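Here is the structure we will look at.
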Amino acid sequence: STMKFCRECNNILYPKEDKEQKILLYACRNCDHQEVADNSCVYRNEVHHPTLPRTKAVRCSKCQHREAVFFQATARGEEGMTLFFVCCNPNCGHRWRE
Amino acid sequence: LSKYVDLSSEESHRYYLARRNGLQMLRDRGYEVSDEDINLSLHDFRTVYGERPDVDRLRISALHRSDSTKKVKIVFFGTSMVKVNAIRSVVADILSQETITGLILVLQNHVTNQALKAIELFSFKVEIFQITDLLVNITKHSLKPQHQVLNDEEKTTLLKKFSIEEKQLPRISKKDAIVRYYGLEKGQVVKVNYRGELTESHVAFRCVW
Amino acid sequence: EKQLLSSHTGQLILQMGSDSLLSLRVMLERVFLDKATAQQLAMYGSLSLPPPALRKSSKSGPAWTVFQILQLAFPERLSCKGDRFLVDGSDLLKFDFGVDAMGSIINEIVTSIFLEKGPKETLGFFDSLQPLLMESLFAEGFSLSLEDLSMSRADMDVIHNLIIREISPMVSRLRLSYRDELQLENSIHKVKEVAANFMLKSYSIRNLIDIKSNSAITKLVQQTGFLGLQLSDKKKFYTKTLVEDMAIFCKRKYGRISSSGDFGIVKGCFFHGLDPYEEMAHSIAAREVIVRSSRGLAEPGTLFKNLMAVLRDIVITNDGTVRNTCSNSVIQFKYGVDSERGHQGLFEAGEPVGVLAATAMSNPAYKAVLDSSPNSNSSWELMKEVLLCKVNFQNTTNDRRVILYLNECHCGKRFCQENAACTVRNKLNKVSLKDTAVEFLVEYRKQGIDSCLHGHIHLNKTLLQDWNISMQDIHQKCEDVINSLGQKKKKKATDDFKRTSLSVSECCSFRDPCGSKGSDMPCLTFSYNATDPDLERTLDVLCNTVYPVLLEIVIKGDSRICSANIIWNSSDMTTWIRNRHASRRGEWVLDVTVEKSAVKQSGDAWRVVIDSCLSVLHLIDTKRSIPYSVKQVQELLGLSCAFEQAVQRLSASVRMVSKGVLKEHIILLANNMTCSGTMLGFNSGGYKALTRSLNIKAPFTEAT
Amino acid sequence: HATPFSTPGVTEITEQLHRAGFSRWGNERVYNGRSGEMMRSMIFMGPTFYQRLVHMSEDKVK
Amino acid sequence: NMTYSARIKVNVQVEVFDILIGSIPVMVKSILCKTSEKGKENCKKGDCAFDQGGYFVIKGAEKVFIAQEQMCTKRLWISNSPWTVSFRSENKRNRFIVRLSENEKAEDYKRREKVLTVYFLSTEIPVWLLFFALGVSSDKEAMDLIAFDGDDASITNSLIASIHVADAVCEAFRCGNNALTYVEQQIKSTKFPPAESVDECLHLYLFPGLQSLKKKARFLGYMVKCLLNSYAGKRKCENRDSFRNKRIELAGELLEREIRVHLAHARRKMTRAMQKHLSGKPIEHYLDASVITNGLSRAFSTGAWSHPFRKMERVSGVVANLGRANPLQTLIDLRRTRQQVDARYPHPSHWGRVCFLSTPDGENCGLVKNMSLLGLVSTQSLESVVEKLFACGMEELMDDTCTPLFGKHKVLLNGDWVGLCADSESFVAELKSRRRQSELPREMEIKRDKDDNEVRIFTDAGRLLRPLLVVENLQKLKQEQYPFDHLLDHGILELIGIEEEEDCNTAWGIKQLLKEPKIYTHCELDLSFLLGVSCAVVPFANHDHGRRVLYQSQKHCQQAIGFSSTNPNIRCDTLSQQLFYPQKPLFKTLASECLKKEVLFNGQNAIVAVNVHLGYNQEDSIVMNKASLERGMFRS
RNA sequence: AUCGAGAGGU
DNA sequence: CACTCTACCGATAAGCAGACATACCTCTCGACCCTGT
Ligand SMILES: [Zn+2]
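Protein chains in written order, with the numbering used here: chain A, 52 to 149; chain B, 7 to 215; chain C, -11 to 692; chain D, 5 to 66; chain E, 12 to 647.
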């Protein structure tokens, strides 16, 4: 979250919403100073966030690897449930569908 | 292979599968129910009932072949947690209605031991089942060996060869599937024959105890 | 003269010796002998040798063969008829020659001799054949020189090129999964077989080392060239840091090139010099072997004690049925198979078998765990698992885990079955809000109405899953459920949290000027109760929680499960049909697992799984999806299915670890498991249940 | 010299035996003692450093 | 049957308003010993050419100290699981732990953020309160003293908020003496109050190495920046196993400690007794000598030395009877090291210092280890180097909290920030150059950690070290016989410790070095010296299996019968066994050639001919000529 | 005679 | 015919301490403290 300090005493600024002026202000609890910079009092936090399937018969370029990740998904170009084969990229990086 | 996921309520498919498995269980029980009723499919049940299930239509009945008072039934009365008073009321309804009173009373959810104490208040046996324990039938499994039960005139001819009582015979507990799916009172050996192709003639006459 | 027939493997325990096999091989290599040599060997025989094989030739006169020597070593009259050798009164007709079939042939010969005449004849035959063979070799001599361990620099460069080719997949082994590890093991086995074929060209190594045994091949290749892999991630005995932040730094300090994939791809051998890093890795592997071996000797001892404290009273009576000493209980009706085949086994009426089955089950385990074999480790572990199952158990990992088969496509289109396999996961995964979040913002809005809160949660574009603004829908239903529940105490401000709503209009971007990202897909969940910022802050920390965690239901998922992965398996292990396949197709079988929702009574691990998947008719109801456990088939099917699933798994594990067949002992043990009303293991609580159900009054056993 | 990480090579070990007069690979012809006849397989013979353990047989027997 | 002991007498001076305190056992060949005395008095006075020293005779039994390995106490130990940084130290009072945590004692539930608190004198004090108490003035200043540079936005804004809330708890943490008093109240209201003014405790038990409080604060900064940087993932938690984080304590600290325990018992008795006399004689009557003497002995005999940390428990595995079966069993019994308890396995820091191949097999596998051949443990350097360090540019850490620390890198000696330096690379170089011109202690280790911007110099006791050849001097000094000292001094060799090594690029051998001279800074003397005394002599040791060479270097080497003793009349051991005609091996390992000792190999050369002999030699049986065993071989 | 500990071949 | 209010059985975790080092067998090397008549 945003961090601010009292200009006068270098202290933590506490957010305070003024109901009279209908604006957000930041005032230090310890002493006596207040102001507004961007009105963006945030509780910002980074909420923290797999290969289950595998193929055994997909054709490869030359060696017949038969390794790929198959799963049903929807493409951004054509809507609908369609098998999306994540190829092992033997000679092409584009993922091919059935 | 666009999966035609059933937009209908899962409760409808659940009730259909449960009733189908119950009707097949009663067919195995040796009761006379019209095979046309058992032949009802999911699409027919959906056409008749719709996609929203109704807990009002639950009547199932059956009859015995050579007996005079043996007629067991199924009522899917349970859809939420109930009390002993609900079972008592349905039992009083079927008591003032007719004499077929003995029936299965399946429950959609967990059962209470107070109900297990209360079944003794009724002068007959019942079978508390689940609405999920009748979603996949048994005896139609490629790993279940066919179970045959003998009558008390040729089973009684086990003291002739083995000369052994049922206590020393290999036991089976009255809580497994094929013991709570046919109906087995103590005093009849289940002459299990292993139809598993890898298993040889390992008949054990595993009786209930 | 009575313990020749083994009650463990079924064959003669008098197996072949090293010197005996070596002498027999070096004697069969030279079919014809001289005169003085032939006469000197027969001396150790039993009877004379009137007729010679080769009467007259160009330069040789009377010349005998090893076949007549074996004949005079054979008993007087015998008729084997084993489809490869014929004998009629100490007259051998034909004797095939192979690489290792001679041992099996002579084993069949001695078994036929034992079953025909008796044990004394076999003892005399062995006592007449051993010194003869010892003398035969002694004249010839056998030794190994340095030429036998020839490197063959051309083949060495070939092996080095093969190593360079095979080191490419080393980068993607410890990162993706264990299937690549098994493929790596297969490739290493193939390269080892190639090196063994390139190594067995000598005369002494081929005659002194077995060929069909994998352990001999490993111990021969590891000491001549291409030392095997010695650093793996499957062993829990050592810490993962030793291979995560030690070996890479060692290779970077000591080696010039990066070579990050140099963990078990060491090029040195035992015949050549070994690098210090290679010696360090080898010492680490040796220490791991030693600790595993010590545990392997320590714990199976306790296991044998536990399984022996209970199998000491199972003895057959005169009636032929298996009886118990306490309460005169019956376990089995007859010990011995009653199939179409018939054999007069050594098992009699007054003979104990429970102790015999105990020892015959404790023996295979010992071997599997004394050796450090990782292939046998999995096999040993499954056996250990079946030996520890208990009548009372709570939320074990095995019970919740359930296999999930499918139905073959009627159309038969390529990948149609696979299409179904990927699809079913999508109804059993548990995607949650958390996975999809990437940031978290809170802005102040200018101004009765008073709502200054716009989370802009900012989920990533994972539209592959496809979740709709229908996220809003699960959030709305969850907050409605939370607000409707008034029986809970000290609940959040649900009356003010009803104002949460998602709106993606491509214009909500109000992030800080730093970064210049300008992303999309916001989230406008806001709840207001007052104007002071402190109440806004504390409220935010509480409700934040429900969303990224609780909103599992939002996308592609059911709760009450963790995930679903597809695993290929051999169908011949679970079912035996007349039109079975080669068990090599890329068929994928799912493995659901249940998420602490197995808290349900006994096991509803099934009851929970059949319920979620109710919107997929591809699931087959014959050849059922069986839970990978022992106690759950007791509730799904009858006791017969549990008996079958136990005996099949024990037989498979025994065949994987050993070669002797013990089907009768496995059946006896599985029946001993089914006595107290429920499938119970061999432990303290199991022994208490056995003593309470069968009324066993034996304080001495529990005191020991 | 046979220091542990700088051992003499196999090519060197064997081109020494050759110069000595014995067979390059370390094996020698042996004639059987009891009969006098040459024996078919050359045997490997050389000088090794052995050790005796303190665990003698006599104490064990009881 | 008596203890070779030595009497210890101190000058006491009891005044009311040179006694004998005990007897320490002496170690054969130690300075105290009369056998070290002067030149060899008489070979004939019993000595065996083979014997070297290192043992104590306690009651007619020789006994030896297996060294014990303990954790370094001169560095900060970050632990990942509870997210704690620590300044462990021996005096219990001194330990200070700053530990992040979701505190549910007074704070909110898991929905809240974690907060940083300290643990000093069994108290729970917030961090920002403390900073203020030690003289930080404003919140900005403090932030500078914990200069997380990295912006891991999530962690910083949590720590800040939680810290500020635990501070408001105290009425005026920011201004006045209220923060200090808050602390005072807390320390005093604990179970066993120190009873010393806060202000003396802040100087006395909080960071005794530093002098001023302000300075003490800057250090609380380094201490937090680490817990923080770790959480963010830049730096890694410490491995208990790696040697760089361990110290080996030999026979000095172990003797110091047991006497300290005992001296105490005596002082306690003396006082109690003196009271009786004082209430209502020669000093000797009062102080009992027996106390130290009897006590030390009971330890040596029953082998139960005191626990290093717990104060009323006895560790076992510190003394062990020397084994005299062969000459080598003795040598490998005096070089063993132990770790009381991934520790059972080799590690890559055990390189050059402990042997990777040999270890006991049994319960102690891995835990007891054997030193390498060329490894020397260090001893406390009495000289103090701070002044010298200042001579090479190093500037004092400024007392004021206000100052920027623009680009200096911290220099820390044995764990105390003592200075700030500018261009670390240059500083380290000069310092090293001095070490090699013999103007600074030889065993000092200078490590420049580029990542954390610090130079850490250590000069404590217990650090395993080994020698290693250096390149440029090798190029022009050797060329233009050598005793070791001359070599060390003129800098053509040097002792480089485990941490410093990590920086070094050392070539494996002379040949390798010759191929590419520029890229390598040091060259190892010989790869054979990486093994123990009982393993560096085995021919083709890298040509056999690990288990086989382990067995041969652990049990077959000890049980081998040969060469027992030069004077055999002065010794009356229970079993001894001597070869009639012992022999040396034909092959020469370098190690035996250098050591120039012959008791290393115990056996005879036997002409073997692998072959099968009438099946008496199957399955590991041995068949032998009956006429070489009668013409004398293997007779004992 | 007894106890405990340590070091061992399996 | 709806309401509230506390006595009673569950299920719960939830906390609390322990409990454990396969087995046959060999050898050597030390073993309680304070006080009164
Ligand atoms: Zn201020």
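Each residue gets a CB set at the ideal place from its N, CA and C atoms; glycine is no exception.
**Q.** Minimum Cβ-Cβ distance from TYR356/E to chain C less than 8 Å
**A.** yes
Q: Pull up the distance between the alpha-carbon of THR110/C and that of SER34/C, whole angstroms please.
A: 14 Å
Q) Leaving out the 5 sequence neighbours to the left and right, which residues in its chain are closer than 6 Å to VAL396/E when beta-carbon positions are compared? A) Same-chain partners within the cutoff: there are none.
Q: For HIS569/C, count neighbouring Cβ atoms within 10 angstroms of its own Cβ and tell me buried if that reaches 16, exposed if not.
A: exposed
Q.
Give me the DSSP bridge partner(s) of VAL68/E.
A. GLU73/E
Q. Nearest chain D C-beta to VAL544/E closer than 8 Å, yes or no?
A. No, no contact with chain D.
Q) Would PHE670/C pass as a contact of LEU295/C if the rule is Cβ separation under 8 Å? A) yes
Q: In the DSSP assignment, find the unbroken beta strand (DSSP E) run with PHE121/A in it and report its ends.
A: 119 to 124
Q | Interface flag, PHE56/A vs chain E, CB-CB below 8 Å | A | yes
Q.
I need the straight-line Cα distance from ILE57/C to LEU29/C, nearest angstrom please.
A. 8 Å
Q | Start-end ranges of the alpha helix (DSSP H) lying completely within the segment 59 to 132 of chain B, minimum 4 residues | A | 90 to 103, 119 to 124
Q | Closest by C-alpha distance to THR563/C, when choosing among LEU204/B, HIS208/B, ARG212/B, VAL209/B | A | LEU204/B
(Q) Looking at ligand 1, does it come within less than 7 Å of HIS84/A, judged from the CB to the closest heavy atom? (A) The nearest non-hydrogen atom of ligand 1 is less than 7 Å from the C-beta of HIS84/A.
Q: Name, please, each residue of chain C whose Cβ falls closer than 7 Å to the Cβ of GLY202/B.
A: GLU632
(Q) Considering Cα atoms alone, identify which of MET382/E, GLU641/E, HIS318/E, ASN332/E is closest to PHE591/E. (A) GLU641/E
Q | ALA617/E: first and last residue of the uninterrupted beta strand (DSSP E) it sits in | A | 615 to 621
**Q.** Where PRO596/E meets chain D, residues with beta-carbon distance less than 8 Å
**A.** Going along chain D in sequence order, the residues near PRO596/E (Cβ under 8 Å) are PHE53.
Q: Taking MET60/D as the query, report the chain C residues whose CB atoms sit under 8 Å from its CB, ordered along the chain.
A: Under the 8 Å cutoff, chain C gives no residues; its nearest Cβ is about 27 Å from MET60/D.
Q.
Let me see if you follow: with CB-CB separation under 8 Å, is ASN240/E close to chain A or not?
A. no
Q.
Quick check: does the Cβ of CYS186/E come within less than 7 Å of any heavy atom belonging to ligand 1?
A. no
Q) What beta strand (DSSP E) runs, 3 residues minimum, are completely inside the segment 286 to 346 of chain E? A) 315 to 317, 325 to 327, 330 to 332
Q: Consult DSSP for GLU17/B and reduce its assignment to one of helix, strand or coil.
A: helix
Q. Which chain E residues are close to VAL279/C, counting only those with a beta carbon under 9 Å from its beta carbon?
A. Near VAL279/C (Cβ distances below 9 Å), the residues of chain E are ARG355, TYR356, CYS376, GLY377.
Q. With a Cβ-Cβ cutoff of 8 Å, do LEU238/E and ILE42/E count as a contact?
A. no
Q) Does ligand 1 have even one heavy atom less than 7 Å from the beta-carbon of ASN81/A? A) yes
**Q.** Helix, strand or coil at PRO359/E according to DSSP, with G and I counted as helix
**A.** coil
**Q.** Bridge partners - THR52/D, DSSP secondary structure assignment
**A.** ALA617/E
**Q.** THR519/C: contacting residues in chain A (beta-carbon distance under 8 Å)
**A.** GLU68, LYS70
Q. Measuring from the CB of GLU59/A, is there a heavy atom of ligand 2 at a distance below 7 Å?
A. Ligand 2 is absent from the structure shown, which contains only ligand 1.
Q: For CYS397/C, decide whether its Cβ has a neighbour in chain E, counting only Cβ atoms nearer than 8 Å.
A: Taking Cβ atoms only, chain E never reaches closer than 8 Å to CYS397/C, which makes this a no.
Q: Using the Cα positions of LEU23/B and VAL318/C, report the straight-line distance between them to the nearest angstrom.
A: 41 Å
Q: For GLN622/C, return the contacting residues in chain B, with the cut-off set at a CB-CB distance below 8 Å.
A: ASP182
Q) Going along the chain, which residues of the segment 29 to 40 of chain E sit with their C-beta nearer than 8 Å to a C-beta in chain D? A) none
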